[PDB]
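Provide a 3D model corresponding to the input given below.
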Amino acid sequence: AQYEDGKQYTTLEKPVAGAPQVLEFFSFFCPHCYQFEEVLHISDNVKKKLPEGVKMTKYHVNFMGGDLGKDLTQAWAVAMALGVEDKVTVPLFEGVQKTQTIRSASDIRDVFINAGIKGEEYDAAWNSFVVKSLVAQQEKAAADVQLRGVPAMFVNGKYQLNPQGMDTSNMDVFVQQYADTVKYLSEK
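Numbers count the residues shown, from 1 in each chain. Below, you will see the structure:
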């Protein structure tokens, strides 16, 4: 057919009960993730084509960047808890990968301060139990799909996107194919 298991997507041997409807994993250390977010805008184009009533979830992962990697998962939890993802995503990617000015938890914090999040508000969130469980949620979700690489996207805990089985020609065709594949899996 047009969409085939093993082509644009794969199927989890071990489906995940209760998973988010559309679940994306990434790392601010991940060069392909920088591309996905800053150049290709995958998340954004996927959302734009999702059916009514399907929510998009994006989690950070630990297994890149060592200690700073773990700090970034907690800071992403802070971004989620405060709802400021759209204000820190670009400066975090650029501070880690472009300017390489993010080398510590303090530098991560600077990005939020510069983005207008108050110090008190950031530190209170950072140390909160609500953020601790948001960290564990991200980690649980990653563990549940036996995640070994990013970027990655999963639909309904049953399917994993397989971008390698899409042509890279024109980036835009790749992006819309990705988006369309998610929409198809969504309706499946």
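
in this protein, which spans are strands?
9-11, 22-26, 56-60, 152-155, 159-161 (DSSP state E).

In TSV: those strands, plus distance to residue 73.
(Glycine included, C-beta is placed from N, CA and C.) Formatted as TSV, these follow (distance: least, CB to CB, whole Å):
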stretch	distance to residue 73
strand 9-11	25
strand 22-26	11
strand 56-60	4
strand 152-155	15
strand 159-161	21
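
Turn those strands into CSV, including mean neighbour count and distance to residue 126.
Formatted as CSV, the strands of the chain follow (neighbours: other CB atoms under 10 Å; distance: least, CB to CB, whole Å):
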stretch, mean neighbour count, distance to residue 126
strand 9-11, 16, 36
strand 22-26, 23, 20
strand 56-60, 21, 14
strand 152-155, 24, 26
strand 159-161, 21, 32
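
can you tell which of these is closest to residue 108?
strand 56-60 (11.5 Å; CB to CB).

mind listing what the closest residue to residue 41 other than its chain neighbours touches?
Spatial nearest neighbour of residue 41, chain neighbours left out: residue 175 (7.0 Å); criterion: CB to CB, 6 or more residues apart in numbering. Residue 175 sits next to 40-42, 45 when contact means CB atoms under 8 Å, 6 or more residues apart in numbering.

go with 10 Å
For residue 175, the contact set (CB atoms under 10 Å, 6 or more residues apart in numbering) comprises 36, 39-42, 44-46, 163, 166.

Quick check: the two most widely separated of those?
Counting by CB to CB, the most remote pair of the contacts of residue 175 is 44 and 166, 17.4 Å apart.

quick one, which of those two is more surrounded?
residue 166 (19 against 12; other CB atoms under 10 Å).

gap between the residue nearest to residue 41 and residue 107?
31 Å (CB to CB, to the nearest Å).

about what we covered before: please report how far the residue nearest to residue 41 lies from residue 125.
33 Å.

just to revisit the earlier point, identify those among the contacts of residue 175 that sit within helices.
Among these, the members falling in helices (DSSP state H) are 42, 44-46.
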